[PDB]
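Okay, so here's the structure we're looking at.
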Amino acid sequence: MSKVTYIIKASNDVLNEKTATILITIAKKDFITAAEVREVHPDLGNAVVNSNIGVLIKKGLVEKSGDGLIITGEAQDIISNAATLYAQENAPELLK
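So the sequence shown is numbered by PDB author numbering: it starts at 1 and just counts up by one.
This is the structure:
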């Protein structure tokens with residue numbers, strides 16, 4: 001169900017699924033790249049995937065540290081907050 005919807009929640013209705021997962025993929029990995037974000041995805045979607053990283057970038061949040069992408073403080077609050085919202089409902093092993 002899982003975390004991106006919570007990312008959307010935590011950010012405050014910026015993300016979709018698509019940007020939430022993409023911001024996540026970068027956010028986790030310090031010097032990912034855009035390439036890796038392309039490379040992972042099952043279900044981001046190559047055309048969207050280009051958009052989602054850039055659209056984070058054009059806001060903030062992610063900062064490209066070049067040559068991989070890595071997130072600002074702004075993301076870092078969102079991801080921590082959102083993952084915690086994941087934690088309540090998923091709860092790896094946490095609540096259940």
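From the three backbone atoms N, C-alpha and C, an ideal C-beta is built for every residue, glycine too.
query: Simplified DSSP assignment, three categories, for residue 93; result: coil
query: Length of the line joining the Cα atoms of residue 87 and residue 47; result: 30 Å
query: Enclosing beta strand (DSSP E) for residue 70 [first to last residue]; result: 68-70
query: For residue 68 and residue 6, the rounded distance between their alpha carbons; result: 25 Å
query: DSSP beta-bridge partners of residue 64; result: 69
query: The alpha helix (DSSP H) enclosing residue 54, as first and last residue numbers; result: 46-59
query: Residue 58 burial status per 10 Å Cβ neighbour count (16 or more: buried); result: exposed
query: Residue 85 - DSSP class collapsed to helix/strand/coil; result: helix
query: Residue 14 in three-state terms, based on DSSP; result: coil
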